[PDB]
$ cat work.txt   # compact mmCIF, C-alpha atoms and all ligand atoms
# COMPACT_ATOMS: atom_id res chain seq x y z
CA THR A 5 -8.00 -17.03 21.26
CA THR A 6 -6.42 -13.88 19.61
CA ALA A 7 -7.11 -13.34 15.85
CA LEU A 8 -4.19 -12.34 13.54
CA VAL A 9 -4.22 -9.57 10.90
CA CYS A 10 -1.79 -9.76 7.97
CA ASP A 11 -1.83 -6.92 5.39
CA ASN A 12 0.00 -8.47 2.37
CA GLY A 13 1.59 -5.27 0.97
CA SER A 14 3.26 -4.88 -2.45
CA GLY A 15 6.29 -3.40 -0.53
CA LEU A 16 5.69 -4.02 3.22
CA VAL A 17 3.96 -6.76 5.25
CA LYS A 18 2.01 -5.28 8.23
CA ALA A 19 1.10 -8.09 10.66
CA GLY A 20 -0.15 -8.23 14.28
CA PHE A 21 -2.98 -9.17 16.64
CA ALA A 22 -6.62 -8.08 16.13
CA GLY A 23 -7.37 -5.53 18.88
CA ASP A 24 -3.87 -3.93 18.80
CA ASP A 25 -3.62 -0.27 17.75
CA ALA A 26 -0.79 -0.93 15.18
CA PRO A 27 0.97 -3.86 13.44
CA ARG A 28 3.64 -5.43 15.69
CA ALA A 29 5.57 -6.52 12.55
CA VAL A 30 6.36 -4.29 9.53
CA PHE A 31 8.93 -5.82 7.11
CA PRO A 32 9.75 -5.76 3.37
CA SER A 33 7.62 -8.08 1.15
CA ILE A 34 10.87 -9.62 -0.17
CA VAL A 35 12.06 -13.27 -0.44
CA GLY A 36 15.76 -14.07 -1.05
CA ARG A 37 16.97 -17.50 -2.25
CA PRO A 38 20.65 -18.47 -2.74
CA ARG A 39 22.21 -17.20 -6.03
CA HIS A 40 24.01 -20.62 -6.15
CA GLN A 41 22.31 -23.81 -4.73
CA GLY A 42 24.84 -25.90 -2.67
CA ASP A 51 16.59 -22.34 1.92
CA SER A 52 15.26 -18.72 1.88
CA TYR A 53 15.38 -15.41 3.82
CA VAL A 54 12.51 -12.87 4.12
CA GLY A 55 12.35 -9.15 4.80
CA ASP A 56 15.32 -7.27 6.37
CA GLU A 57 17.55 -10.44 6.67
CA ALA A 58 17.01 -11.10 2.86
CA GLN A 59 18.12 -7.44 2.17
CA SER A 60 21.20 -7.83 4.52
CA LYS A 61 22.23 -11.06 2.72
CA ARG A 62 21.37 -9.64 -0.75
CA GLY A 63 25.00 -10.32 -1.86
CA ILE A 64 24.37 -14.11 -1.67
CA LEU A 65 20.63 -14.12 -2.58
CA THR A 66 18.26 -13.42 -5.49
CA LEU A 67 15.59 -10.99 -4.08
CA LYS A 68 12.00 -11.24 -5.42
CA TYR A 69 8.77 -9.30 -4.70
CA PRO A 70 6.01 -11.98 -4.63
CA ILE A 71 3.31 -9.19 -4.44
CA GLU A 72 5.06 -6.69 -6.75
CA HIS A 73 1.89 -4.93 -8.19
CA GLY A 74 -0.55 -5.64 -5.26
CA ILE A 75 -1.45 -9.16 -6.60
CA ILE A 76 0.31 -12.27 -5.22
CA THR A 77 2.13 -13.79 -8.27
CA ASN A 78 4.73 -16.18 -6.61
CA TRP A 79 2.95 -18.60 -4.29
CA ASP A 80 6.09 -20.51 -3.06
CA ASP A 81 7.63 -17.16 -1.99
CA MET A 82 4.30 -15.90 -0.44
CA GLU A 83 4.34 -19.15 1.59
CA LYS A 84 7.78 -18.10 2.87
CA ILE A 85 6.55 -14.58 3.74
CA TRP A 86 3.59 -16.04 5.70
CA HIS A 87 5.86 -18.67 7.43
CA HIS A 88 8.22 -15.82 8.44
CA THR A 89 5.21 -13.74 9.62
CA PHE A 90 3.80 -16.49 11.92
CA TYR A 91 7.00 -18.14 13.24
CA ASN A 92 9.69 -15.39 13.12
CA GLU A 93 7.81 -12.02 13.57
CA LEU A 94 4.63 -12.75 15.60
CA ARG A 95 6.14 -15.99 17.10
CA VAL A 96 2.73 -17.85 17.13
CA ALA A 97 1.53 -21.33 16.19
CA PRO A 98 -0.72 -20.55 13.16
CA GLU A 99 -2.97 -23.59 13.98
CA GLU A 100 -3.94 -21.66 17.21
CA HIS A 101 -5.22 -18.34 15.62
CA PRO A 102 -8.00 -17.25 13.20
CA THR A 103 -6.13 -15.19 10.52
CA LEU A 104 -7.51 -12.16 8.61
CA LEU A 105 -5.64 -11.65 5.28
CA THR A 106 -5.91 -8.47 3.09
CA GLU A 107 -6.10 -8.52 -0.72
CA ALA A 108 -5.77 -5.85 -3.42
CA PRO A 109 -8.93 -4.46 -5.01
CA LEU A 110 -9.80 -6.50 -8.22
CA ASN A 111 -7.97 -9.57 -6.78
CA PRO A 112 -8.83 -12.49 -9.17
CA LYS A 113 -11.29 -15.07 -7.67
CA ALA A 114 -8.72 -17.92 -8.23
CA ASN A 115 -6.13 -15.84 -6.28
CA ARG A 116 -8.45 -15.53 -3.20
CA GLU A 117 -9.03 -19.35 -3.42
CA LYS A 118 -5.23 -20.04 -3.47
CA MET A 119 -4.77 -17.74 -0.38
CA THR A 120 -7.59 -19.78 1.30
CA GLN A 121 -6.02 -23.20 0.32
CA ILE A 122 -2.52 -22.23 1.63
CA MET A 123 -3.88 -20.87 4.96
CA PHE A 124 -5.82 -24.13 5.68
CA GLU A 125 -3.63 -26.81 3.98
CA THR A 126 -0.13 -25.35 4.60
CA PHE A 127 -0.61 -23.47 7.91
CA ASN A 128 -3.76 -25.33 9.32
CA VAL A 129 -5.21 -22.03 10.68
CA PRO A 130 -8.52 -22.80 12.52
CA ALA A 131 -10.31 -20.00 10.60
CA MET A 132 -9.56 -17.25 8.06
CA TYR A 133 -11.04 -14.26 6.13
CA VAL A 134 -9.85 -12.23 3.11
CA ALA A 135 -10.80 -8.52 3.11
CA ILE A 136 -10.16 -5.76 0.49
CA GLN A 137 -7.38 -3.34 1.65
CA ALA A 138 -9.22 -0.08 0.77
CA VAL A 139 -12.45 -1.27 2.50
CA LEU A 140 -10.51 -1.85 5.76
CA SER A 141 -8.99 1.72 5.52
CA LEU A 142 -12.51 3.23 5.18
CA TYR A 143 -13.67 1.23 8.30
CA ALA A 144 -10.57 2.47 10.20
CA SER A 145 -11.78 6.09 9.57
CA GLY A 146 -15.16 5.21 11.20
CA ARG A 147 -17.02 5.06 7.82
CA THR A 148 -18.95 2.45 5.70
CA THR A 149 -19.53 4.85 2.76
CA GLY A 150 -16.79 6.90 1.03
CA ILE A 151 -14.08 6.60 -1.64
CA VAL A 152 -10.53 5.56 -0.63
CA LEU A 153 -7.35 6.64 -2.41
CA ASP A 154 -4.86 3.86 -1.39
CA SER A 155 -1.31 4.62 -2.66
CA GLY A 156 1.23 2.06 -1.39
CA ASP A 157 4.55 0.85 -2.81
CA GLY A 158 3.69 -0.95 -6.08
CA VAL A 159 0.12 0.18 -6.82
CA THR A 160 -2.51 2.90 -6.29
CA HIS A 161 -6.29 2.28 -6.30
CA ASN A 162 -9.42 4.35 -5.98
CA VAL A 163 -12.16 2.25 -4.31
CA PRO A 164 -15.65 3.74 -3.96
CA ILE A 165 -17.50 2.01 -1.06
CA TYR A 166 -21.25 2.14 -0.24
CA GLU A 167 -22.79 0.78 2.99
CA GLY A 168 -19.74 -1.37 3.73
CA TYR A 169 -19.02 -2.85 0.25
CA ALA A 170 -16.58 -1.90 -2.53
CA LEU A 171 -18.24 -1.09 -5.90
CA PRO A 172 -15.91 -3.10 -8.17
CA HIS A 173 -17.24 -1.60 -11.46
CA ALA A 174 -16.00 1.88 -10.32
CA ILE A 175 -12.54 0.81 -9.02
CA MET A 176 -9.61 2.61 -10.75
CA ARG A 177 -6.00 1.18 -10.74
CA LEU A 178 -2.84 3.27 -11.31
CA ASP A 179 0.45 1.28 -11.71
CA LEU A 180 2.29 4.18 -10.03
CA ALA A 181 3.05 4.41 -6.29
CA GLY A 182 5.92 4.91 -3.78
CA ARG A 183 8.41 2.54 -5.56
CA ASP A 184 8.07 4.59 -8.79
CA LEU A 185 8.59 7.90 -6.89
CA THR A 186 11.80 6.49 -5.25
CA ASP A 187 12.95 5.38 -8.77
CA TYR A 188 12.20 8.88 -10.19
CA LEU A 189 14.12 10.61 -7.37
CA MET A 190 17.03 8.08 -7.87
CA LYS A 191 17.14 9.02 -11.61
CA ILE A 192 16.89 12.82 -10.88
CA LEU A 193 19.70 12.75 -8.26
CA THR A 194 21.88 10.37 -10.40
CA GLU A 195 21.66 12.90 -13.32
CA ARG A 196 22.77 15.62 -10.84
CA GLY A 197 26.09 13.62 -10.42
CA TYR A 198 25.31 11.50 -7.27
CA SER A 199 25.32 7.78 -8.34
CA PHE A 200 22.17 5.95 -7.03
CA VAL A 201 21.68 2.58 -8.82
CA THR A 202 22.25 -0.31 -6.23
CA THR A 203 19.79 -1.72 -3.61
CA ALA A 204 21.70 0.04 -0.68
CA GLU A 205 21.43 3.40 -2.55
CA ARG A 206 17.65 2.82 -3.25
CA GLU A 207 17.31 2.76 0.61
CA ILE A 208 19.05 6.19 0.83
CA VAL A 209 16.85 7.82 -1.89
CA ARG A 210 13.68 6.32 -0.30
CA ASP A 211 14.78 7.94 3.00
CA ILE A 212 15.31 11.35 1.23
CA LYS A 213 11.87 10.97 -0.43
CA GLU A 214 10.06 10.26 2.89
CA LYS A 215 11.87 12.98 4.91
CA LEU A 216 12.05 15.93 2.42
CA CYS A 217 9.40 15.53 -0.36
CA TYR A 218 6.03 17.37 -0.36
CA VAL A 219 3.16 18.07 -2.80
CA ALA A 220 2.99 21.68 -4.09
CA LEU A 221 -0.44 23.32 -3.85
CA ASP A 222 0.28 24.92 -7.25
CA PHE A 223 3.12 23.18 -9.19
CA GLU A 224 3.84 26.14 -11.54
CA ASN A 225 4.04 28.67 -8.65
CA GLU A 226 6.28 26.31 -6.59
CA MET A 227 8.64 25.94 -9.60
CA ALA A 228 8.79 29.80 -9.93
CA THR A 229 9.70 30.08 -6.19
CA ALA A 230 12.41 27.33 -6.45
CA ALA A 231 13.79 29.10 -9.59
CA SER A 232 13.97 32.53 -7.87
CA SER A 233 15.05 31.77 -4.24
CA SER A 234 16.83 29.24 -1.98
CA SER A 235 13.85 29.30 0.48
CA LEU A 236 12.65 25.71 -0.46
CA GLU A 237 16.15 24.09 -0.22
CA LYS A 238 16.80 21.17 2.17
CA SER A 239 20.12 19.39 2.77
CA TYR A 240 20.74 15.71 3.56
CA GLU A 241 24.02 14.02 4.58
CA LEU A 242 24.75 10.86 2.54
CA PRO A 243 26.59 7.81 4.05
CA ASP A 244 29.80 8.80 2.09
CA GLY A 245 29.89 12.18 3.99
CA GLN A 246 28.67 14.27 0.95
CA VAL A 247 25.84 16.79 1.74
CA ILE A 248 23.19 16.85 -1.05
CA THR A 249 20.86 19.91 -1.32
CA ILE A 250 17.43 19.49 -3.05
CA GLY A 251 14.99 22.25 -4.01
CA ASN A 252 12.36 21.63 -6.71
CA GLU A 253 13.18 17.83 -6.53
CA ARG A 254 11.26 17.91 -3.20
CA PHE A 255 7.90 18.51 -4.99
CA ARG A 256 8.73 17.34 -8.60
CA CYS A 257 9.04 13.77 -7.16
CA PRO A 258 5.46 13.36 -5.79
CA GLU A 259 4.01 15.71 -8.54
CA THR A 260 4.33 12.49 -10.68
CA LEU A 261 1.19 11.20 -8.80
CA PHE A 262 -0.78 14.11 -10.45
CA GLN A 263 1.29 14.09 -13.76
CA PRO A 264 2.37 10.47 -14.46
CA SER A 265 3.97 11.86 -17.72
CA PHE A 266 6.88 12.85 -15.38
CA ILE A 267 8.00 9.15 -15.62
CA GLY A 268 6.71 8.69 -19.20
CA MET A 269 3.24 7.22 -18.42
CA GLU A 270 0.07 8.38 -20.30
CA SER A 271 -2.11 7.44 -17.24
CA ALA A 272 -4.53 9.85 -15.56
CA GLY A 273 -3.24 11.33 -12.28
CA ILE A 274 -4.68 10.52 -8.81
CA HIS A 275 -7.07 13.56 -8.93
CA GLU A 276 -8.49 12.35 -12.29
CA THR A 277 -8.70 8.65 -11.17
CA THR A 278 -10.55 9.81 -7.98
CA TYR A 279 -12.98 11.97 -10.05
CA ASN A 280 -13.50 9.24 -12.73
CA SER A 281 -14.16 6.60 -9.98
CA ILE A 282 -16.85 8.84 -8.38
CA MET A 283 -18.45 9.49 -11.84
CA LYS A 284 -18.66 5.70 -12.49
CA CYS A 285 -20.87 5.40 -9.35
CA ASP A 286 -24.66 5.86 -8.93
CA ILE A 287 -25.39 9.63 -9.42
CA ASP A 288 -27.43 9.44 -6.13
CA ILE A 289 -24.34 8.43 -3.98
CA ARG A 290 -21.79 10.89 -5.49
CA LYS A 291 -22.48 13.60 -2.84
CA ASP A 292 -21.48 11.13 -0.05
CA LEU A 293 -18.28 10.06 -1.97
CA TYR A 294 -17.19 13.72 -2.56
CA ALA A 295 -17.73 14.45 1.17
CA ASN A 296 -15.87 11.24 2.23
CA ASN A 297 -12.55 10.93 0.27
CA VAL A 298 -10.21 8.98 2.60
CA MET A 299 -6.47 8.74 1.85
CA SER A 300 -4.57 5.58 2.88
CA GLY A 301 -1.11 4.11 2.28
CA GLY A 302 2.46 5.34 2.73
CA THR A 303 2.49 7.29 -0.62
CA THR A 304 -0.37 9.56 0.72
CA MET A 305 1.93 10.69 3.63
CA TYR A 306 3.37 13.71 1.64
CA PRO A 307 2.74 17.09 3.32
CA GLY A 308 0.30 19.11 1.11
CA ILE A 309 -1.29 16.03 -0.67
CA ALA A 310 -4.75 16.60 0.98
CA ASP A 311 -4.85 20.37 0.14
CA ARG A 312 -3.72 19.56 -3.46
CA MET A 313 -6.43 16.87 -3.76
CA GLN A 314 -9.08 19.30 -2.27
CA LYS A 315 -8.11 21.94 -4.90
CA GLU A 316 -7.98 19.48 -7.88
CA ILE A 317 -11.35 17.74 -7.07
CA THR A 318 -13.02 21.19 -6.48
CA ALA A 319 -11.94 22.26 -10.01
CA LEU A 320 -13.45 19.03 -11.50
CA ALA A 321 -16.65 18.71 -9.41
CA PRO A 322 -19.96 20.62 -9.68
CA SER A 323 -19.73 24.22 -8.34
CA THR A 324 -21.98 23.49 -5.25
CA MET A 325 -20.48 20.01 -4.31
CA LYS A 326 -19.16 19.74 -0.67
CA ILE A 327 -15.66 18.14 -0.97
CA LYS A 328 -13.83 16.69 2.09
CA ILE A 329 -10.41 14.93 1.89
CA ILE A 330 -9.79 12.93 5.12
CA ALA A 331 -6.06 12.12 5.67
CA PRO A 332 -5.62 10.38 9.05
CA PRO A 333 -2.16 10.62 10.71
CA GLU A 334 -2.10 6.74 11.11
CA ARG A 335 -2.85 6.22 7.33
CA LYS A 336 0.38 4.19 6.70
CA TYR A 337 -1.28 1.49 8.88
CA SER A 338 -5.02 2.24 8.33
CA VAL A 339 -5.57 -0.89 6.15
CA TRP A 340 -4.03 -2.97 9.01
CA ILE A 341 -5.97 -1.05 11.75
CA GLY A 342 -9.24 -1.59 9.84
CA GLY A 343 -8.54 -5.35 9.93
CA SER A 344 -7.71 -5.20 13.68
CA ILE A 345 -11.16 -3.54 14.22
CA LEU A 346 -13.25 -5.78 11.94
CA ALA A 347 -11.70 -9.03 13.31
CA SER A 348 -12.34 -7.78 16.96
CA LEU A 349 -16.18 -7.36 16.39
CA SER A 350 -18.55 -9.94 18.02
CA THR A 351 -20.68 -9.65 14.79
CA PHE A 352 -17.60 -10.71 12.74
CA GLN A 353 -17.06 -14.06 14.58
CA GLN A 354 -19.75 -15.84 12.47
CA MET A 355 -18.04 -14.48 9.28
CA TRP A 356 -14.77 -16.47 9.71
CA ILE A 357 -14.45 -19.38 7.27
CA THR A 358 -13.61 -22.30 9.68
CA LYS A 359 -11.20 -25.14 8.82
CA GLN A 360 -14.29 -27.44 9.26
CA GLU A 361 -16.22 -25.45 6.54
CA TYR A 362 -13.08 -25.67 4.32
CA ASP A 363 -12.73 -29.50 4.83
CA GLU A 364 -16.50 -29.85 3.99
CA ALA A 365 -16.62 -27.35 1.04
CA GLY A 366 -13.07 -26.61 -0.38
CA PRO A 367 -11.58 -23.23 -1.54
CA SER A 368 -14.65 -21.81 -3.47
CA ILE A 369 -16.22 -21.17 0.04
CA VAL A 370 -14.16 -17.86 0.26
CA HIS A 371 -16.83 -16.11 -2.03
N1 LIG B 1 6.34 9.63 5.02
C1 LIG B 1 6.29 9.10 3.81
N2 LIG B 1 6.30 9.93 2.74
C2 LIG B 1 6.32 9.39 1.52
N3 LIG B 1 6.28 8.11 1.16
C3 LIG B 1 6.25 7.31 2.25
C4 LIG B 1 6.25 7.72 3.57
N4 LIG B 1 6.24 6.62 4.41
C5 LIG B 1 6.23 5.59 3.61
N5 LIG B 1 6.20 5.94 2.28
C6 LIG B 1 6.24 5.04 1.13
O1 LIG B 1 5.08 4.24 1.12
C7 LIG B 1 5.41 2.95 0.51
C8 LIG B 1 4.93 1.85 1.43
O2 LIG B 1 3.54 2.14 1.71
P1 LIG B 1 2.48 1.01 2.04
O3 LIG B 1 1.10 1.61 2.09
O4 LIG B 1 3.02 0.15 3.12
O5 LIG B 1 2.60 0.12 0.69
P2 LIG B 1 2.13 -1.38 0.39
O6 LIG B 1 0.93 -1.61 1.24
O7 LIG B 1 1.80 -1.43 -1.13
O8 LIG B 1 3.26 -2.33 0.81
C9 LIG B 1 6.91 3.00 0.20
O9 LIG B 1 7.09 3.32 -1.19
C10 LIG B 1 7.43 4.08 1.15
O10 LIG B 1 8.61 4.69 0.67
CA CA B 2 -1.14 -1.56 0.94
$ encode --input "work.txt" --output "structure tokens" --more "lines below"
Ligand SMILES: Nc1ncnc2c1ncn2[C@@H]1O[C@H](COP(=O)(O)OP(=O)(O)O)[C@@H](O)[C@H]1O
Ligand SMILES: [Ca+2]
Amino acid sequence: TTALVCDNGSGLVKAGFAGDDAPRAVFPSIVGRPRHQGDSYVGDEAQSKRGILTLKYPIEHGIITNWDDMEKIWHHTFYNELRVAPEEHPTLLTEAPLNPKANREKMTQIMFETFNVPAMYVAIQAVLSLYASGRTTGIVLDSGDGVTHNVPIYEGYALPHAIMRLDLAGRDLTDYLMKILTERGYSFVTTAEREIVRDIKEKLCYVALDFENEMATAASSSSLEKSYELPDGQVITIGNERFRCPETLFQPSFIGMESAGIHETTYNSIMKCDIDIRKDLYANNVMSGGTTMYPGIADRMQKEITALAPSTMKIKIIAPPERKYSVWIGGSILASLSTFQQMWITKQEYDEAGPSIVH
């Protein structure tokens, strides 16, 4: 039998078969129900029918908060995207770091009681990303759609006391760029327009090695300008917007938040950990999630952590090309191991013991 891997993303579901190199299904973590009851849609079909539906994010901040809609996302995943009978496949689910214990239990209860999977497992997203980089010790920066975490990991296990959470990720950067471009005179307010600005963000944005220098260059030449044709036929040119957008990850004050930036959350996370493991964390900073895809983010992180860390500390930022899917790939690996097969919670163990078995 083939095991399934479902990464329950704040913005995107990544689902597929354990052993595959990439998720076969990548779709928005969105459920749409009729505006007027006289039934649900999920993912791209929900967005297409948005004019007749109310759209909701059941996993908006990395934590599943709407269980009836998460049921719909999982039903869509099994039956519409992967086209499998869930009762025929062990299923690996991902959870956010600091997922409440009752939340993990509800994920377990739905898998067995609603979908009758024969076996399941819940793994921490950041832990899977570390495994996908061939490591069991290191500190992950996972920046997705709705949340960013630092997760220090030692000998295979997250250190929950040192986890840092930043309520700032890719959704917030798209919102910032929407606001910036709207103020420039291009109206970007609707769902369809959010899609356009997201596309501009992913194609043209980058992280400046030195913000102040990059601003001086954009102020004094056209050399950083990039153009993008909108659906209405207008050509928009952006310059400093390209790097002011993701600079928000290092200066959350750009969108009015008092939070530490990702360089300070990474450094604080490491300093919460055993002094004796900090050398290994500094040398093994892995970046995961779509919001770490910006060109220049690894060099910027190298520079910022160097300025914060002891003068002699060896600092390595690992940014794999496949890091949009590294949480999913780490699940594909773990669930493929012979040593993992005894780790599955079976439906039989669930029927004997109930949801508290997941711990
Ligand atoms: N090349 C890219 N550059 C910048 N942001 C990107 C890129 N590719 C994807 N993203 C952003 O990453 C987010 C989705 O990342 P992902 O790790 O799937 O999030 P989640 O797991 O929380 O659903 C979106 O905000 C998307 O716009
Ligand atoms: Ca994620």
$ atom_distance --input "work.txt" --atom1 "atom CA of residue 159 of chain A" --atom2 "atom CA of residue 182 of chain A"
8.1 Å
$ residues_near_ligand --input "work.txt" --ligand "ligand CA 2 (chain B)" --cutoff "12 Å" --atoms "only C-alpha atoms and all ligand atoms" --output "JSON, numbers by chain"
{"A": [10, 11, 12, 13, 14, 15, 16, 17, 18, 19, 30, 32, 33, 71, 72, 73, 74, 75, 105, 106, 107, 108, 109, 136, 137, 138, 139, 140, 141, 152, 153, 154, 155, 156, 157, 158, 159, 160, 161, 181, 182, 299, 300, 301, 302, 303, 304, 335, 336, 337, 338, 339, 340, 341]}
$ residues_near_point --input "work.txt" --point "(7.7, 23.4, -7.9)" --cutoff "6 Å" --atoms "all atoms listed in the file" --output "ChimeraX atom specification"
/A:223-224,226-227,252,255
$ residues_around --input "work.txt" --residues "residue 116 of chain A" --least-positions-apart "6" --cutoff "10 Å" --atoms "all atoms listed in the file" --output "mmCIF file with C-alpha atoms, in the coordinates of the input"
data_model
loop_
_atom_site.group_PDB
_atom_site.id
_atom_site.type_symbol
_atom_site.label_atom_id
_atom_site.label_comp_id
_atom_site.auth_asym_id
_atom_site.auth_seq_id
_atom_site.Cartn_x
_atom_site.Cartn_y
_atom_site.Cartn_z
ATOM 1 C CA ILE A 76 0.310 -12.270 -5.220
ATOM 2 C CA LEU A 105 -5.640 -11.650 5.280
ATOM 3 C CA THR A 106 -5.910 -8.470 3.090
ATOM 4 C CA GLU A 107 -6.100 -8.520 -0.720
ATOM 5 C CA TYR A 133 -11.040 -14.260 6.130
ATOM 6 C CA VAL A 134 -9.850 -12.230 3.110
ATOM 7 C CA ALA A 135 -10.800 -8.520 3.110
ATOM 8 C CA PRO A 367 -11.580 -23.230 -1.540
ATOM 9 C CA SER A 368 -14.650 -21.810 -3.470
ATOM 10 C CA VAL A 370 -14.160 -17.860 0.260
ATOM 11 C CA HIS A 371 -16.830 -16.110 -2.030
#
$ atom_distance --input "work.txt" --atom1 "atom CA of residue 54 of chain A" --atom2 "atom CA of residue 345 of chain A"
27.4 Å
$ residues_near_point --input "work.txt" --point "(-8.9, -13.3, 20.8)" --cutoff "9 Å" --atoms "all atoms listed in the file" --output "compact mmCIF listing (two decimals) with C-alpha atoms, keeping the file's coordinate frame"
# COMPACT_ATOMS: atom_id res chain seq x y z
CA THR A 5 -8.00 -17.03 21.26
CA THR A 6 -6.42 -13.88 19.61
CA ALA A 7 -7.11 -13.34 15.85
CA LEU A 8 -4.19 -12.34 13.54
CA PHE A 21 -2.98 -9.17 16.64
CA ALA A 22 -6.62 -8.08 16.13
CA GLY A 23 -7.37 -5.53 18.88
CA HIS A 101 -5.22 -18.34 15.62
CA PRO A 102 -8.00 -17.25 13.20
CA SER A 348 -12.34 -7.78 16.96
$ axis_aligned_box --input "work.txt" --around "ligand LIG 1 (chain B)" --padding-each-side "5 Å" --output "AutoDock Vina command-line options"
--center_x 4.8 --center_y 3.8 --center_z 1.9 --size_x 17.7 --size_y 22.3 --size_z 16.2
$ atom_distance --input "work.txt" --atom1 "atom CA of residue 297 of chain A" --atom2 "atom CA of residue 218 of chain A"
19.7 Å
$ closest_residue --input "work.txt" --among "A:219, A:269, A:82, A:34" --to "residue 67 of chain A" --atoms "only C-alpha atoms"
A:34
$ closest_residue --input "work.txt" --among "A:298, A:321, A:119, A:209" --to "residue 248 of chain A" --atoms "all atoms listed in the file"
A:209
$ closest_residue --input "work.txt" --among "A:253, A:207, A:311, A:56" --to "ligand LIG 1 (chain B)" --atoms "all atoms listed in the file"
A:207
$ closest_residue --input "work.txt" --among "A:320, A:96, A:180, A:189" --to "residue 274 of chain A" --atoms "only C-alpha atoms"
A:180
$ closest_residue --input "work.txt" --among "A:111, A:186, A:202, A:351" --to "ligand LIG 1 (chain B)" --atoms "all atoms listed in the file"
A:186
$ closest_residue --input "work.txt" --among "A:95, A:256, A:62, A:328" --to "residue 291 of chain A" --atoms "all atoms listed in the file"
A:328
